[PDB]
Amino acid sequence: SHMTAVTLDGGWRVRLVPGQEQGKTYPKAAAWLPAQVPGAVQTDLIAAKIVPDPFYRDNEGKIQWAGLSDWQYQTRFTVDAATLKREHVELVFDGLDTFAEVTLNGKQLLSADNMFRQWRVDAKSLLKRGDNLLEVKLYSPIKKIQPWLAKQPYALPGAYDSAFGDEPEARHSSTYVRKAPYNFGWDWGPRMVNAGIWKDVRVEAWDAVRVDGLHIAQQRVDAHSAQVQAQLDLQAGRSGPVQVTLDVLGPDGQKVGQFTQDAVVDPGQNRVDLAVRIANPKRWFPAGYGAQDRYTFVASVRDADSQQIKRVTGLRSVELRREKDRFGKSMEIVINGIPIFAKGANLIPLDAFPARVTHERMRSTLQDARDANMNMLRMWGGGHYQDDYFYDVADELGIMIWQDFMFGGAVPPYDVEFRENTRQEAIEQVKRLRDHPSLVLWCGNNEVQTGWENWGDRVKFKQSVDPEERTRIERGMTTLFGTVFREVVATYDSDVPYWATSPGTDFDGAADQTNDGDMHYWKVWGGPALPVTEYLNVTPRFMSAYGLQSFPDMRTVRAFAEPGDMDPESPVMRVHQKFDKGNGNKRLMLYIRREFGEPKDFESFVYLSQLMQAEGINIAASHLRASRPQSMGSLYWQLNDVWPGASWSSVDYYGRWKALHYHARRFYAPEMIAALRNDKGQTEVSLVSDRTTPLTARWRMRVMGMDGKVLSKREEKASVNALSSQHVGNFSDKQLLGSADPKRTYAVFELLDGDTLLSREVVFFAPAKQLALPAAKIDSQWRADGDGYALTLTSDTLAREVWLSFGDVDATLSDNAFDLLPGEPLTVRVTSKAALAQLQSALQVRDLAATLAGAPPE
Amino acid sequence: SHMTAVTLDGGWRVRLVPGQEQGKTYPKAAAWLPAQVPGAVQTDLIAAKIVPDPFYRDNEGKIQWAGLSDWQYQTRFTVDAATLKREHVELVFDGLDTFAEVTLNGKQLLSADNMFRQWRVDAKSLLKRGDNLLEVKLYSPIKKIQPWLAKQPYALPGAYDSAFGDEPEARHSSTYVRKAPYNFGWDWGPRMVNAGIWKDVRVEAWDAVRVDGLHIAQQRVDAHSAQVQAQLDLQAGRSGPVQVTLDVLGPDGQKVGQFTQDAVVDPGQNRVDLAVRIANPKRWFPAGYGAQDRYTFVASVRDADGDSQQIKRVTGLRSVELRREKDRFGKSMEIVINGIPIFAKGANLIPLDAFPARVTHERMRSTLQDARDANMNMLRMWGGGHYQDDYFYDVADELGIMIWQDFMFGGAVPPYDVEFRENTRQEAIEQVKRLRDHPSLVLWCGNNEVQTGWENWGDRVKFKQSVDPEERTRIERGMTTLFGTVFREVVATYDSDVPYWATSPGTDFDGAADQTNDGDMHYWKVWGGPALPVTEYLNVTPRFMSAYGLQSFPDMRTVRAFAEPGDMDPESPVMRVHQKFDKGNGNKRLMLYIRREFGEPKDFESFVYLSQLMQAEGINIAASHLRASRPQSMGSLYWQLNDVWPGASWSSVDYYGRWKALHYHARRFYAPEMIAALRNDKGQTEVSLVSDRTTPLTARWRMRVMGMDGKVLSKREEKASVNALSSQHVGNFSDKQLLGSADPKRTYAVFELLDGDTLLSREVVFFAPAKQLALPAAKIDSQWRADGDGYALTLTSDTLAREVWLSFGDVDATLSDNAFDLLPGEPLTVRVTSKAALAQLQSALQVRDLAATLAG
Ligand SMILES: OC[C@H]1O[C@@H](O)[C@@H](O)[C@@H](O)[C@@H]1O
Ligand SMILES: OC[C@H]1O[C@@H](O)[C@@H](O)[C@@H](O)[C@@H]1O
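Protein sequence lines correspond, in order, to chains B and A. Under the entry's author numbering, the residues of the first sequence are numbered 29 to 332, 335 to 888, in order. Counting from 29, one number per residue, gives the positions in the second sequence under the entry's author numbering.
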């Protein structure tokens with residue numbers, strides 16, 4: 029009949045290839061173990077209790093040997109009556125990580141060398157009735173490449189040194205292998221050089237025609253119409269007639285149209301195209317700009335006996351607008367003719383072990399983005415291309431994906447074999463992902479050009495080789511990221527833009543400029559470690575990375591640590607800090623101390639760390655939105671985590687929100703007031719509106735003594751054009767304070783519609799550690815709210831950065847890390863299965879002033 | 029209703045833009061003078077007798093001012109009431125050379141800055157009933173670019189210095205303007221920095237829909253079927269229905285398919301694609317590999333008003349593969365057409381005139397027929413020229429001459445600014461869309477010699493090592509983007525069934541340019557550089573040879589056309605002006621090669637003939653060697669086919685279309701079945717039977733060793749079976765075996781390939797340079813016979829006569845053969861084609877041979 033597929037994900041065992049030193053050291057791993065597919069031998073070893081959980085305390089080093097070893101997977105499967113007589117029977121590996129040799133009933137069947145490629149092999153003649161034996165050998169990429177690398181004239185500038193000394197300094201095998209770069213350890217992740225059959229394996233069988241894919245190519249989309257072309261790829265083993273029927277369903281569920289096309293297919297590849305025009309399309313818009321409407325395209329193929339394939343897709347135009355203006359050349363994402371200031375963050379993998387990521391976690395990550403008012407995530411090139419399901423959720427929720435190809439910043443080799451291996455990966459990933467409306471941009475890599483131009487080790491490298499070799503290496507990069515990826519996108523996903531490298535100017539000129547293209551800014555946190563107010567002096571056309579570190583939630587810390595470890599410079603805490611080769615808690619202390627002095631205890635440390643991060647990023651993100659149209663994007667580093675540890679994330683490994691993620695919802699709000707005080711004692715006030723209509727609204731400013739008294743009060747009408755930022759005042763300290771003590775005085779700025787409160791920013795005139803913050807009495811009052819509750823908070827005085835917690839009880843909050851103002855109640859919604867009485871007793875309430883009180887000197 | 033178009037080519041006049049010093053110097057140019065459109069102001073001046081013909085003697089210099097000046101074209105044209113009532117009225121310029129500013133009824137209309145671009149402009153609101161005043165101002169690219177260039181930190185390497193000192197040394201404006209590189213002077217052509225409206229101008233008007241193009245996109249083609257997509261590009265002003273009908277006609281003009289598609293168009297651009305599958309297609313094949321079968325696709329577009337417009341494409345169904353596979357010689361490079369690996373046999377094609385606008389269809393056709401007649405299957409259209417006229421490509425489709433199409437970059441390092449890059453991208457798009465449906469265009473190529481120059485030419489090396497390394501990286505990046513990304517992407521987007529090639533010679537940016545074991549090669553160590561003996565050709569065997577050559581002078585009639593008796597000396601000022609290699613001192617290099625083989629020419633006419641013999645025989649060695657080496661090499665494109673003006677060059681056919689000896693030899697060394705008998709410098713003669721047939725060749729070959737005095741020394745004959753598409757070595761003979769102590773100065777060997785009694789191919793081998801031989805004194809008998817339209821001329825020599833050359837003074841006549849060897853006693857009949865009377869022909873007939881030329 030039609031094609032069939034059977035998944036070979038069960039019955040798998042695994043062990044060390046016989047003869048390795050690791051087999052003597054780990055004899056249990058020399059014998060067969062149950063193996064997960066999809067999975068990793070690493071997680072297989074963990075499940076079998078041969079090694080302890082590498083995420084817990086200091087166990088990271090105990091599993092490093094597995095990445096240095098060669099592995100042998102085995103399974104047995106049966107092929108039945110019907111299957112063996114089909115005209116085609118193929119084995120299909122969706123993911124082999126990475127250097128793989130596949131054997132079927134003892135005969136060599138496939139060599140593989142790309143974690144991101146799908147491998148399809150003709151199996152029919154080698155199969156048999158009943159028991160078949162499938163074997164997959166996986167070779168350590170470190171062990172494989174290093175002996176070859178040791179013999180080379182030079183090693184290309186790579187990624188991170190091994191903390192375990194199993195690779196030479198500045199001689200990294202990772203740049204020579206198409207494998208997720210973060211597997212080799214990063215500056216927020218452990219070194220887990222995974223080996224695995226990390227995606228599904230199938231037996232597939234078919235007769236006359238195989239349906240190789242469906243793509244809805246959008247040719248032009250506007251409000252009047254969408255002209256699309258449904259493109260069907262068909263493999264035929266012989267020449268014959270086919271009949272294709274295409275059904276098109278609206279977002280409402282209605283029936284838009286039915287379309288048919290007859291064709292004769294010929295042996296090999298065949299393309300059958302059906303044009304569809306939709307009048308007055310219900311287009312797909314990013315979050316905050318309308319509905320995430322989508323159409324469904326269902327095609328059937330009758331050959332000489336039918337077959338079904340379905341594509342859900344969203345109609346929209348995408349333009350990367352780069353227009354000359356007074357700040358140079360712009361960079362802005364334009365969806366359905368709407369210029370969208372990009373609001374979001376950088377997305378890294380969801381786990382050190384990618385095969386074990388649940389749908390729930392993928393969905394949760396995106397819903398977190400959504401709830402924090404983000405409209406774009408950048409999928410950073412040091413990770414892996416995501417699961418289909420992840421992209422489904424981004425389509426549904428309206429989170430735009432800026433999709434890096436998976437180059438993380440190492441300098442690639444220029445040999446043809448590497449290039450062509452990478453091309454086929456690119457083609458496969460672009461074909462896989464192209465029909466997701468959320469995928470609006472493709473980007474060749476993370477930071478390769480800017481590293482080559484600005485990082486000391488690249489600069490030293492490129493000047494130490496002969497200039498003729500430098501040209502070869504640069505020609506390699508230019509071709510890979512300027513031609514190969516660009517052409518794959520142009521061929522297979524032609525309606526979306528391509529970008530050579532982030533950050534860059536698409537190879538027009540140099541990387542990382544402030545008046546053209548995008549920028550990653552790291553002079554704050556990294557490098558000279560400048561004060562966070564320096565963020566106010568940087569304004570590129572698009573900021574695609576910047577950030578600050580903080581510790582995860584308390585619950586998360588207890589999850590990888592035990593009381594003996596509860597110190598910023600404990601061995602276990604050090605292991606969980608990956609920045610600045612293990613001594614990055616000093617950098618964190620630097621920033622914490624500047625604003626808050628010395629934390630009283632480890633609890634306050636975690637909190638202050640999250641405040642330092644949250645308040646720092648608020649400065650930058652607000653500054654950038656306020657600068658429109660000078661800037662048109664803010665993607666902070668980073669959204670998420672791979673493991674329990676310190677990082678730049680706003681949401682930790684267990685989905686727990688940091689203070690940053692709650693602040694993010696505010697500074698990314700559709701209507702926002704920015705009031706940002708610079709180091710010159712100048713406070714600039716702007717009203718920002720992402721609305722497509724005019725905003726008629728008022729704003730007010732109030733100057734307050736911390737003793738509770740009002741000093742001055744101003745209010746004005748405001749008319750803000752659509753999609754703009756309007757500067758509405760610029761106030762020196764003298765103007766705001768008069769002779770009032772800066773250490774005892776603050777300012778409140780609010781934006782209102784009618785008198786519904788849209789946004790608020792509270793301004794201070796000194797580092798918090800120098801303030802005379804009042805001691806707040808905060809009043810709790812609960813109330814049923816259906817399945818959840820309403821918690822109302824009232825403070826007699828200013829309370830800064832109020833943090834609500836419930837110990838180990840499970841409850842999430844509509845808001846947290848907020849300011850309370852004198853006599854002004856704030857109600858949050860508490861979601862929890864726990865009863866009112868238990869949330870009563872569990873509730874802990876922390877604030878800045880109470881936290882700073884009783885603190886030691888520095 | 030349906031779109032209408034009026035060509036605005038009549039009634040132009042032209043003059044210097046007022047206010048220039050040249051207006052004082054050339055008062056007649058300051059006044060209005062008739063202008064020809066298409067044309068050049070240069071040729072308008074010549075027609076007006078304001079300057080003498082720059083092709084004649086040393087008149088080149090007298091017209092240089094015109095390239096340094098700004099020009100004002102003007103014409104009046106009428107627009108009727110109906111046109112003004114169409115929904116759309118546009119002016120279209122197919123070609124402005126180059127920096128142009130267009131004005132209509134005194135209002136600025138269009139700025140243009142690319143010779144190779146088409147410019148369409150909305151004109152309707154500016155037009156008026158009755159008379160309209162159209163003006164085009166053209167600005168000298170030199171005068172415009174040089175003051176800017178002078179303020180730059182460096183100038184990019186590229187092109188030729190001005191022999192007239194009107195641009196500083198190694199600071200060339202041409203690099204920065206999109207204009208035919210050879211206009212600024214080249215090493216076989218004069219400096220004619222043309223300004224002109226050099227292609228047609230039209231007023232076009234349309235209502236509901238404008239049909240912007242038809243393209244037949246070949247998806248897959250084999251013997252069993254061709255799956256194609258007829259792609260219609262429709263411009264609409266308003267939303268509404270269209271019905272498209274498509275007729276498909278086979279090579280015999282009979283309908284092989286009929287198709288219908290309805291669609292609704294919307295404002296702007298629309299694509300209507302019709303899938304067509306042709307069962308058992310009659311595919312297009314290159315010359316020598318079958319018929320040049322073509323299908324005609326006729327589309328009719330009924331718009332929403334119910335009006336119909338027709339558009340047509342004649343095309344050829346064929347698969348093209350650039351096959352590059354690892355083998356014992358490295359990595360191959362061969363073009364494969366309809367599954368047949370074709371050894372490429374041909375030459376490099378340059379423009380047909382220094383003034384491309386006056387080239388006739390007749391000259392285009394004749395150029396391609398010459399190639400056909402010399403057994404060529406491929407011309408490379410070299411990037412220093414211009415994209416050719418539509419008609420030229422039609423004729424190539426017709427005759428089966430494949431075109432290797434360079435984009436028009438000739439070797440200069442280009443600047444890396446975005447504006448230049450995007451200007452060029454639009455030129456690429458427009459050219460690829462215009463040319464894509466010619467089956468003859470089988471490959472697109474980024475440029476001529478940019479990479480190999482950058483890597484191997486002293487001035488580029490010096491230049492790139494002199495700038496800051498960060499600047500070197502910026503320039504290299506600009507190149508790699510332009511030639512590696514932009515052009516590749518245009519071809520992939522708009523002509524995706526043909527291969528793209530970043531640069532000739534090269535490896536497509538995989539690695540370095542000009543390798544012997546990967547990609548193609550331009551080889552110039554013979555003629556150029558160290559100037560090696562021509563037998564060194566036997567030592568050079570790249571995977572594909574896409575340029576190489578030797579110079580010669582043009583036909584004596586062509587020489588007489590541009591020089592007078594007083595000028596007939598190779599070092600006369602006039603002959604030097606017409607020698608453009610090495611700053612006019614190329615006759616030194618020419619004499620080097622001539623003297624090496626033949627000694628000192630007797631007189632000037634002997635100099636011309638020996639120059640042609642030197643070139644013919646030298647190229648013979650190389651071309652024969654490359655074919656005999658198959659599959660090590662899989663292409664021979666010699667530099668060059670043709671000329672842009674009368675002068676010394678590497679061409680085999682001169683500016684007036686007169687065949688040189690090389691062209692007659694080319695027909696022999698490119699013959700489908702060929703015997704190669706090649707003696708190297710160590711006295712070893714390798715004999716190969718070369719067969720381009722797609723079937724086994726069952727044949728015999730033979731050899732006869734002869735004394736100059738007529739005696740027969742030895743003979744041997746042998747049956748041979750030659751595989752399809754192959755070269756078979758069938759002997760290697762030392763001088764000792766061939767000569768057996770006979771004097772090498774007094775002995776020759778004849779090699780022959782036969783099929784049955786039919787002689788297919790003959791090679792005559794010698795054992796010493798001609799100037800060392802004891803060539804016998806030949807007595808050549810000639811006898812004429814009427815042959816219907818023309819005449820049969822039978823020549824019979826009593827001794828060997830080498831390289832017999834037939835001519836008729838200034839009497840016109842063409843020959844079926846020339847520059848041939850006569851063997852003692854063996855008559856050769858040549859067909860003589862001529863309007864002239866037999867009486868005049870017999871009277872004018874001159875017979876030259878090598879021994880008599882060398883006899884002093
Ligand atoms: O250093 C924090 C992060 O900053 C980003 O810009 C990239 O360089 C990442 O690879 C890195 O992990
Ligand atoms: O030197 C003769 C010719 O050689 C070719 O390879 C190119 O370099 C041409 O530009 C040149 O005119």
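Where a beta carbon is used, it is the ideal one built from N, C-alpha and C, also for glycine.
**OP:** Within its chain, find whatever has a CB closer than 6 Å to the CB of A651/A; leave out the 5 residues flanking it on each side and keep chain order.
**Re:** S664, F697
**OP:** With a 10 Å radius around its C-beta and 16 neighbouring C-beta atoms as the bar for buried, classify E232/A as buried or exposed.
**Re:** buried
Original post:
Per DSSP, which one or two residues make a beta bridge with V284/B?
Top reply: DSSP lists no partner for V284/B.
Original post:
Taking the alpha helix (DSSP H) that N670/A falls in, what are its first and last residues?
Top reply: Run containing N670/A: none; DSSP gives neither H nor E here.
Subject >> Short Cβ contact (9 Å threshold) for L277/B with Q289/B >> reply: no
Original post:
Which residue's Cα is closest to the Cα of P855/B: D809/B, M220/B, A865/B?
Top reply: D809/B
**OP:** Output, in sequence order along the chain, the residues in the segment 247 to 274 of chain A whose CB is closer than 9 Å to any CB in chain B.
**Re:** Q247, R248, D250, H252, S253, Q255, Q257, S267
Original post:
Does the beta carbon of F537/B come closer than 9 Å to any beta carbon on chain A?
Top reply: yes
Original post:
Is the segment 396 to 415 of chain B in contact with the segment 190 to 204 of chain B, if contact means three or more CB pairs nearer than 8 Å?
Top reply: no
Original post:
When the Cα atoms are used, what is the spatial distance from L690/A to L377/A?
Top reply: 15 Å
Original post:
Quick one: is the Cβ of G759/A within less than 8 Å of any heavy atom of ligand 2?
Top reply: no
Original post:
Considering only C-alpha positions, which residue in the set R500/A, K764/A, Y684/A is nearest to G539/B?
Top reply: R500/A
Original post:
Count the other CB atoms within 10 Å of the CB of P887/B; is the residue buried (16 or more) or exposed (fewer)?
Top reply: exposed
**OP:** Taking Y692/A as part of the alpha helix (DSSP H), name the residues at either end of that continuous run.
**Re:** 689 to 697
**OP:** Starting from the beta carbon of residue 913/A, find every residue of chain B whose beta carbon is closer than 9 Å, and list them in chain order.
**Re:** Residue 913/A falls outside the range modelled here, since chain A spans only 29 to 884, and no answer is possible.
Subject >> When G158/B, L843/B, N476/B are compared against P442/B, the one with the closest alpha-carbon >> reply: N476/B
Original post:
Should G438/B be listed as close to ligand 1, given that the test is whether its C-beta is under 8 Å from any heavy atom?
Top reply: yes
Original post:
Does the segment 345 to 362 of chain B come close enough to the segment 561 to 572 of chain B to have 3 or more Cβ pairs within less than 8 Å?
Top reply: yes
Original post:
Does the Cβ of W529/A lie closer than 8 Å to at least one heavy atom of ligand 2?
Top reply: no
Subject >> Residue nearest to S871/B in terms of C-alpha spacing, selected from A880/B, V839/B, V858/B >> reply: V839/B
**OP:** Can you give me, in chain order, the residues of the segment 426 to 456 of chain A that have a beta carbon less than 8 Å from any beta carbon in chain B?
**Re:** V446
**OP:** Report yes if the C-beta of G577/B is less than 8 Å from at least one heavy atom of ligand 1; otherwise report no.
**Re:** yes
Subject >> Environment of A110/A [buried if 16+ CB atoms lie within 10 Å] >> reply: exposed
Original post:
So what does DSSP say about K52/A, is it helix, strand or coil?
Top reply: helix
Original post:
So which of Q246/B, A424/B, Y210/B has the shortest CA-CA distance to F325/B?
Top reply: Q246/B
Original post:
Quick one: is the Cβ of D261/B within less than 8 Å of any heavy atom of ligand 2?
Top reply: no
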